[PDB]
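Listed here are the chains, written in short residue letters.
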Amino acid sequence: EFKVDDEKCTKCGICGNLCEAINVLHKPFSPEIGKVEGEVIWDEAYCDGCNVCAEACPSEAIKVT
Amino acid sequence: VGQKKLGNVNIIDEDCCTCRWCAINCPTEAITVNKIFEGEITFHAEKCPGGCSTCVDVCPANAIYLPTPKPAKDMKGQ
Amino acid sequence: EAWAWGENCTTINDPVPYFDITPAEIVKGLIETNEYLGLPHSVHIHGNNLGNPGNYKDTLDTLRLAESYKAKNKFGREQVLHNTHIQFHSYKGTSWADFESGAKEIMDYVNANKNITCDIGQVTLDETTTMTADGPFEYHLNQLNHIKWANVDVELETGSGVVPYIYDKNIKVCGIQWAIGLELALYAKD
Amino acid sequence: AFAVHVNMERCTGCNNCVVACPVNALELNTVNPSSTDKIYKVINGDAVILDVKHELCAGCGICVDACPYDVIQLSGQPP
Ligand code: SF4
Ligand code: SF4
Ligand code: SF4
Ligand code: SF4
Ligand code: SF4
Ligand code: SF4
Ligand SMILES: [Zn+2]
């Protein structure tokens with residue numbers, strides 16, 4: 001079902017702030033990289049076919065089914 | 001219907017230190033901050049006596065880092 | 001030393017972590033040092049890829065490192081390096097089910113070269129503890145047989161490993177291991 | 001140029017205030033050492049501060065954070 005495109009994701013919380021399934025962990029910010037980088041974790045136990053977060057993402061980084 | 005943008009976000013202008021972590025990392029390039037000072041700072045790494053991360057601890061804009069040690073089979077003599 | 005980080009030098013060419021020197025370079029440097037000082041005994045050498053099938057090729061690769069030296073000393077010795085327990089280095093094949101003996105090739109090379117002297121590591125087919133100064137072989141053996149394992153890393157110098165092992169008669173692997181040393185000794189012209 | 005005070009009564013000689021001071025670590029652990037003077041040295045089992053005239057300390061707190069049983073008080077005010 002769910003699939004993110006880490007190629008086009010900026011790790012903006014506006015995708016994990018909506019659903020209770022999407023929890024976005026920003027691993028600690030270090031000037032090493034100087035960038036934001038984390039992971040998007042989706043759990044089945046909370047989803048729906050709502051698909052709101054597909055278009056809530058600023059980018060098109062989320063396709064769900 | 002188009003766009004959502006619920007709410008409003010600002011920057012407490014008497015607290016920003018012009019580090020630019022938020023402008024460099026903003027997704028939509030919507031933040032305009034300009035550094036108050038200009039110049040250059042250099043670090044002679046070969047003169048740090050190791051376990052003294054006081055500079056790292058006190059940097060306000062967390063510009064400083066301890067460069068992460070590479071794993072084995074990746075050090076490549078450096 | 002790569003074991004001190006948890007890796008192993010599986011061939012003669014791969015570099016050491018952070019040192020970018022290779023087994024070949026270090027063996028050659030120690031041979032030059034030894035024959036220059038004229039020490040009594042030569043560079044006694046263990047080798048690489050110990051205890052795995054197909055490592056007779058690597059054994060020949062490491063034995064070809066002496067082709068350009070001559071034993072100079074006031075003592076009588078014709079070796080320049082001494083390759084030890086060679087029945088351990090003379091395996092052949094891919095795994096333990098397609099595993100046979102490369103003693104013929106090893107002793108052909110030794111019967112050719114007169115600056116290489118050897119010894120056999122004949123297995124006596126009983127219960128024993130195996131102690132070699134290299135870690136990776138002992139760790140690999142422990143992961144094979146699930147028995148005790150002791151590791152003693154030294155500071156800036158070596159490693160260690162102690163692992164019991166059963167060379168019992170009821171295994172094809174142990175039988176072939178027994179046969180290999182006899183083939184080595186009985187193929188010796190000198 | 002601050003002032004450090006070591007409570008000799010509960011100092012155990014652990015030597016983790018000597019090893020951890022970044023001014024002590026200048027001599028042996030720097031490329032082309034600049035200054036080779038040392039704040040602490042454990043003489044007779046307790047840490048003695050050779051920096052009598054308070055010229056080399058930098059208020060880092062690596063030594064206060066290092067001592068296992070807090071015994072080093074760092075003074076941030078002029079002596
Ligand atoms: S899915 Fe969209 S909103 Fe969520 S982290 Fe990725 S880019 Fe940001
Ligand atoms: S599809 Fe709907 S329910 Fe599922 S994660 Fe996205 S917003 Fe949440
Ligand atoms: S990240 Fe830096 S520049 Fe941006 S608001 Fe915060 S202090 Fe100011
Ligand atoms: S604070 Fe940083 S730069 Fe200063 S001595 Fe310690 S490690 Fe070196
Ligand atoms: S505060 Fe820092 S510089 Fe001063 S004595 Fe302690 S460790 Fe040394
Ligand atoms: S670290 Fe503390 S206990 Fe140890 S020598 Fe220094 S002052 Fe004494
Ligand atoms: Zn050996």
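Report follows, based on the coordinates.

Reading the values: rules and limits
In this document, residue positions are counted from 1 along each chain in sequence order, independent of how the entry numbers them, and residues without coordinates are left out. A letter from A marks each chain and a number from 1 marks each ligand, given out in the order of writing. In this view, a larger assembly is represented only partially, and all stated values concern the represented chains. Excluding hydrogens and water, the side-chain figures rest on all heavy atoms present in the structure. Each metal's donors are the N, O and S atoms within 2.8 Å of it, or within 3.2 Å when it is Na, K or Ca, and because water is not part of the set, sites may look incomplete. Helical segments are the DSSP runs of H or I of at least four residues, strand segments are the runs of E of at least two, and each set is numbered from the N terminus. Only protein chains enter the accessibility calculation, which uses a 1.4 Å probe. A residue is then buried if its area is under 20% of the maximum for its type, exposed if over 50%, and partly exposed in between. Residues are counted as near a molecule or strand when any one of their heavy atoms sits within 4 Å of it. Classification convention: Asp, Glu, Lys, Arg as charged; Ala, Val, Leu, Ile, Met, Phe, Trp, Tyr, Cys, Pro as nonpolar; all other residues, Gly among them, as polar. Contacts between residues were defined by any pair of non-hydrogen atoms, one from each residue, lying within 4.5 Å. Summed over both partners, the accessible area lost on bringing two parts together, with a 1.4 Å probe, is the buried area. In what follows, salt bridge is the name for a side-chain nitrogen of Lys or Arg lying within 4 Å of a carboxyl oxygen of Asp or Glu. Polar contact is defined as a pair of N or O atoms within 3.5 Å, subject to the rule that within protein one atom must be able to donate a hydrogen and the other to accept it, and that residues adjacent in sequence are counted only when both atoms are side-chain atoms. The rule is short: rings of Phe, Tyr and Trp, with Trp giving its six-membered ring, pair when the centres are within 6.5 Å, and they are stacked under 30 degrees, edge-to-face over 60, tilted in between. Look at NZ for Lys and CZ for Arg. If either is within 6 Å of the ring centre and within 35 degrees of the ring normal, a charge sits over the ring. Multiply 1.5 Å by the residue count of a helix minus one, and that product is the helix's expected span. The arc under discussion is defined with respect to the helix axis, by the directions toward the C-beta atoms. The pairing criterion for strands is at least two bridges between them, as found by DSSP. Angles here are taken between N-to-C directions and fall from 0 to 180 degrees, while the axes themselves are lines fitted to C-alpha atoms, restricted in helices to the stretch in contact.

**Focus: the coordination of the zinc ion (ligand 7)**
Residues and elements named next belong to chain C.
Okay, so step 1: Distances from the zinc ion (ligand 7) to its protein donors, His46 (NE2) and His85 (NE2), fall within 1.8 to 2.0 Å. Of this pair, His46 sits in the loop between strand 1 (43–45) and helix 2 (56–63) while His85 sits in the loop between strand 2 (81–83) and helix 3 (86–89), and the two are 39 residues apart along the sequence.
Okay, so step 2: The exposure class of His46 is partly exposed, given its relative accessible area of 26%.
Okay, so step 3: Take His85: its relative accessible area is 18%, and that puts it in the buried class.

**A word on the site of ligand 6**
Okay, so step 1: Neighbouring ligand 6 are the residues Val6, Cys11, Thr12, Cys14, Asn15, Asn16, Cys17, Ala47, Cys67, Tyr69, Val71 and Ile72 of chain D.
Okay, so step 2: Here the residues of the shell around ligand 6 are counted per class, giving 9 nonpolar, 3 polar and no charged.

**So, the interface of chain B and chain C**
Okay, so step 1: Taken together, the 5 residues of chain B in the interface contact 5 residues of chain C.
Okay, so step 2: In total, chain B and chain C occlude about 510 Å² of area from one another, counting both sides; carbon and sulfur atoms represent 69% of this.
Okay, so step 3: Linking chain B to chain C there are 0 salt bridges.
Okay, so step 4: For the interface between chain B and chain C, the tally reads 0 residue pairs in polar contact.
Okay, so step 5: Here the residues of the side of chain B that touches chain C are counted per class, giving 2 nonpolar, 1 polar and 2 charged.

**Observations concerning the packing of aromatic side chains**
Residues and elements named next belong to chain C.
Okay, so step 1: Tallying each qualifying case throughout the model produces 9 aromatic pairs over all chains.
Okay, so step 2: On the numbers, 5.4 Å between centres and 50° between planes, the contact of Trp3 with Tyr139 is tilted. Taken together, the residues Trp3 in the segment before helix 1 (23–37) and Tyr139 in helix 5 (residues 135–145) connect sequence positions 136 residues apart.
Okay, so step 3: With relative accessibility at 32%, the residue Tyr139 sits in the partly exposed group.
Okay, so step 4: Ring geometry for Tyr91 against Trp96: centres 6.3 Å apart, planes inclined by 70°, an arrangement best described as edge-to-face.
Okay, so step 5: Residue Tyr91 is classed as buried on the basis of its relative accessible area of 1%.
Okay, so step 6: One aromatic cluster in this structure is built from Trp3, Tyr139 and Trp149.
Okay, so step 7: Here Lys104 stacks its cationic end above the ring of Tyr187, 4.7 Å away from the centre of that ring.

**Here's the deal with the arrangement of the chains**
Okay, so step 1: Nothing in chain A touches chain D, and the closest approach of their C-alpha atoms is 22 Å.
Okay, so step 2: Separated throughout, chain C and chain D approach each other most closely at a C-alpha pair spaced 18 Å apart.

**What about the site of ligand 5?**
Okay, so step 1: Ligand 5 sits among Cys21, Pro22, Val23, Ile39, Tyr40, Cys57, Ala58, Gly59, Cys60, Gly61 and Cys63 of chain D.
Okay, so step 2: Its residues placed into classes, the shell around ligand 5 shows 9 nonpolar, 2 polar and no charged.

**A look at helix 6 (residues 172–186) of chain C**
Because each turn of an α-helix spans 3.6 residues, side chains separated by three or four positions end up pointing in the same direction.
Residues and elements named next belong to chain C.
Okay, so step 1: With 15 residues, helix 6 extends 21 Å between its outermost C-alpha atoms, agreeing within 8% with the 21 Å of an ideal straight helix rising 1.5 Å per residue.
Okay, so step 2: Among all positions of helix 6, only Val173, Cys174, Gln177, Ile180, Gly181 and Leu184 are buried. Each buried residue of helix 6 sits inside an arc of 110° when the element is viewed along its axis, so together they form one side.
Okay, so step 3: Next to the buried residues of helix 6 lie helix 3, strand 3 (91–93), strand 4 (99–101), helix 4 (103–112) and strand 7 (161–166).

**Focus on the side chain of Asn48 of chain C**
Residues and elements named next belong to chain C.
Okay, so step 1: Within the secondary structure, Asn48 is located in the loop between strand 1 and helix 2.
Okay, so step 2: A distance of 2.6 Å separates the side chain of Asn48 from the backbone oxygen of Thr11, its partner in a polar contact.
Okay, so step 3: Excluding residues that lie within four positions of it along the chain, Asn48 makes contacts with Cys9, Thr11, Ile12, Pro23, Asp58 and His89.

**Notes on the pattern of salt bridges**
Okay, so step 1: Scanning the entire structure with this criterion turns up 7 salt bridges over all chains.
Okay, so step 2: Residue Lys3 of chain A is joined to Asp5 of chain A by a salt bridge in which the shortest nitrogen-to-oxygen separation is 3.0 Å.
Okay, so step 3: The exposure class assigned to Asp5 of chain A is buried, which follows from its relative accessible area of 7%.
Okay, so step 4: Taking the shortest distance from any N to any O, the salt bridge between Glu27 of chain D and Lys38 of chain D comes out at 2.9 Å. One end of the pair, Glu27 of chain D, is in the loop between strand 1 (3–6) and strand 2 (40–43); the other, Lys38 of chain D, is in the loop between strand 1 and strand 2, with 11 residues separating them in the sequence.
Okay, so step 5: Among the residues examined, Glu27 of chain D registers a relative accessible area of 31% and is labelled partly exposed.
Okay, so step 6: Given the relative accessible area of 25%, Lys38 of chain D is considered partly exposed.
Okay, so step 7: A network of salt bridges, in which partner residues are shared, links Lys3, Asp5 and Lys8 of chain A.

**Side note on the sheet that holds strand 1 of chain C**
Note on sheets: strands pair through backbone hydrogen bonds, and any given pair is parallel or antiparallel.
All names here are of chain C.
Okay, so step 1: Here 3 strands make up an open sheet; going across it, the order is 1-2-5 and the pairing parallel. Among the strands making up the open sheet, the edge pair consists of strand 1 and strand 5 (116–118). With direction set aside, neighbouring strand axes in the sheet form an average angle of 25°.
Okay, so step 2: Summarising the sheet, strand 2 and strand 5 pair through 3 bridges and their orientation is parallel. Paired with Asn83 across the strands is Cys118, a residue of strand 5.

**Observations regarding the interface of chain D and chain B**
A common measure of how large an interface is: the accessible area buried when the components associate.
Okay, so step 1: Between chain D and chain B, the contact holds 11 residues from the first and 8 residues from the second.
Okay, so step 2: For the pair chain D and chain B, the summed buried surface comes to about 630 Å²; carbon and sulfur atoms form 63% of the total.
Okay, so step 3: Ranking the residues of chain D by area buried against chain B places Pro22, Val31 and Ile62 of chain D at the top, with a combined share of 48%.
Okay, so step 4: By residue class, the composition of the side of chain D that touches chain B is 7 nonpolar, 4 polar and no charged.

What is shown is where atoms sit, not what they do.
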